[PDB]
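# Chain and residue survey
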Amino acid sequence: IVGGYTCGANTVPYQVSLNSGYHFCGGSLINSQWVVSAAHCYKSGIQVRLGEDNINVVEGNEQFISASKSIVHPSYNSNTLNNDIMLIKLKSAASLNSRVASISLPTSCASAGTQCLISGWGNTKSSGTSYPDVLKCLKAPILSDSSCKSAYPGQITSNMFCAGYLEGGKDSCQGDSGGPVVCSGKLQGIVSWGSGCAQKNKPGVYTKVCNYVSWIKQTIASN
Ligand SMILES: NC1CCCCCC1
Ligand SMILES: [Ca+2]
């Protein structure tokens, strides 16, 4: 997260870190045994880490649970990043509490102008590289489809939205991939892609979660 703030320990209780020897992606806990992330975060040997703040220190509220299976969206295209969504099932159910909690799926799509919270352990520099070890947060508005399409001609599908600031300086970045965009207590987006981070006229692009609720519910119900 570039241009954000330190969230505060366990203030984003649905935020998970995906770990394969090291943090490589974010995710969102949507019930006691399922996590939503980006399809481009797919790999084998995933351990889900819940209750994290400093991802380099065991602080006492963590639960570490290996994934039993991952399900990438059947229509995911890794070239265009259309349908950039994946479900991860935990080998055992997380113990839910005030610091480890699921986030509700949307019942309706959020509109341009809606204020959202984007979070993660990604790069905090738009040119350099610096990884925070504590969770970072950014408040950002959803942008209009027209401005999103104008920023990225030929690349924005009906399964994507832009959020952030056309002026630059505030954005999600490398390592935030797969993480939450939460608006009014609902998971509306997944950190997906962009052209660099926090660059002028290149806002972050996010998977439009409201388009996938039926798929998520049906997949969970049979897996
Ligand atoms: N806003 C994006 C975050 C996902 C990874 C690519 C960098 C920029
Ligand atoms: Ca920790």
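Residues numbered from 1 in each chain as written, not as in the entry; some residues may be left out. Chains lettered and ligands numbered in written order. Heavy atoms only, no water.

### Digging into the nonpolar core
Just so we agree on the cut-off: Here the nonpolar core consists of buried residues drawn from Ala, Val, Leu, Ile, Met, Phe, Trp, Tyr and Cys, with membership extended through side-chain atoms lying within 4.5 Å. When a residue's accessible area, from a 1.4 Å probe over protein chains only, is under 20% of the maximum for its type it is buried; when over 50% it is exposed; and in between it is partly exposed. Going along the chain from the N terminus, every DSSP run of H or I of four or more residues is numbered as a helix, and every run of E of two or more is numbered as a strand. As annotated, the domain borders come from an automatic or database domain assignment. In this description, contact between two residues means that some pair of their heavy atoms is separated by no more than 4.5 Å.
One finds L18, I30, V36, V48, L87, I88 and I216 to be the most contacted residues of the largest nonpolar core, which totals 43 residues. Put simply, the parts of the chain that give this core at least two residues each are strand 2 (15-19), strand 3 (23-31), strand 4 (34-37), strand 5 (47-50), strand 6 (63-72), strand 7 (86-90), strand 12 (186-193) and helix 2 (213-221). Each of domain 1 (1-12 + 103-210) and domain 2 (13-102 + 211-222) gives at least three residues to this core. Ignoring sequence-local partners within four residues, the contact set of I88 consists of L18, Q33, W34, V35, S37, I46, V48, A67, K69 and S70. In this structure, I1, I118, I142 and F161 belong to the second largest nonpolar core, which totals 13 residues.

### Digging into the site of ligand 1
Where we set the bar: Residue proximity to a molecule or strand is established when one non-hydrogen atom of the residue lies within 4 Å of it. Polar contact is defined as a pair of N or O atoms within 3.5 Å, subject to the rule that within protein one atom must be able to donate a hydrogen and the other to accept it, and that residues adjacent in sequence are counted only when both atoms are side-chain atoms. Each accessible area value is a Shrake-Rupley result obtained with a 1.4 Å probe; residue values ignore everything except the protein chains displayed when judging cover.
Neighbouring ligand 1 are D171, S172, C173, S177, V191, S192, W193, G194, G196, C197 and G204. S172 is positioned such that a nitrogen or oxygen atom in its side chain is 3.1 Å from a nitrogen atom of ligand 1. The fraction of the free accessible surface of ligand 1 (250 Å²) that becomes covered by protein chains is 89%. Ranked by residue count, the leading element in the shell around ligand 1 is strand 12, at three residues.

### Considering the state of the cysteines
Stated formally: The term disulfide is used for any two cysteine sulfur atoms that are within 2.5 Å.
Overall, the coordinates contain six disulfides when judged by the stated rule. The disulfide partner of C173 is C197, and the S-S distance across this bridge is 2.0 Å. Between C173 and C197 the disulfide shows an S-S torsion of about 80°. By sign, it is right-handed. You can see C173 sitting in the loop between strand 10 (160-163) and strand 11 (180-183) and its partner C197 sitting in the loop between strand 12 and strand 13 (204-208), a full 24 residues away along the chain. Of the two residues, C173 and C197, both sit in the buried class. Of note for the protein chain: the bonded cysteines, numbered N- to C-terminal, pair according to 1-6, 2-3, 4-12, 5-10, 7-8, 9-11.

### Quick word on the domain arrangement of the protein chain
Filter applied, for reference: Put simply, buried area is how much 1.4 Å-probe accessible surface two parts lose in total, over both of them, once they are put together. Note on residue categories: nonpolar means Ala, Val, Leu, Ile, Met, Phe, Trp, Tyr, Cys or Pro, charged means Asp, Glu, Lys or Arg, and polar means any other residue, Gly included.
For the protein chain, the assigned domains read domain 1 (1-12 + 103-210) and domain 2 (13-102 + 211-222). Contacts between the two partners involve 37 residues from domain 1, matched on the other side by 38 residues from domain 2. The junction of domain 1 with domain 2 conceals about 2,900 Å² of combined surface from both sides, 55% of it contributed by carbon and sulfur atoms. Broken down residue by residue, the surface that domain 1 buries against domain 2 is led by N10, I103 and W121, which jointly contribute 26%. At the junction of domain 1 with domain 2, the criterion picks out 23 residue pairs in polar contact. Among the secondary structure elements, those contributing two or more residues to the side of domain 1 that touches domain 2 are strand 8 (115-120), strand 11, strand 12 and strand 13. The element that contributes the greatest number of residues to the side of domain 1 that touches domain 2 is strand 12, accounting for five residues. Here the side of domain 1 that touches domain 2 is composed, by residue class, of 19 nonpolar, 15 polar and three charged.

### Re the pairing of strand 8
For clarity, the threshold we go by: DSSP-based pairing: two strands are paired if at least 2 bridges between them are found.
Most of strand 8 sits out of view: five of its six residues are buried. Relative to strand 9 (residues 136-141), strand 8 runs antiparallel, the two sharing six bridges. From the neighbouring strand, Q115 faces strand 9, where its bridge partner is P141.

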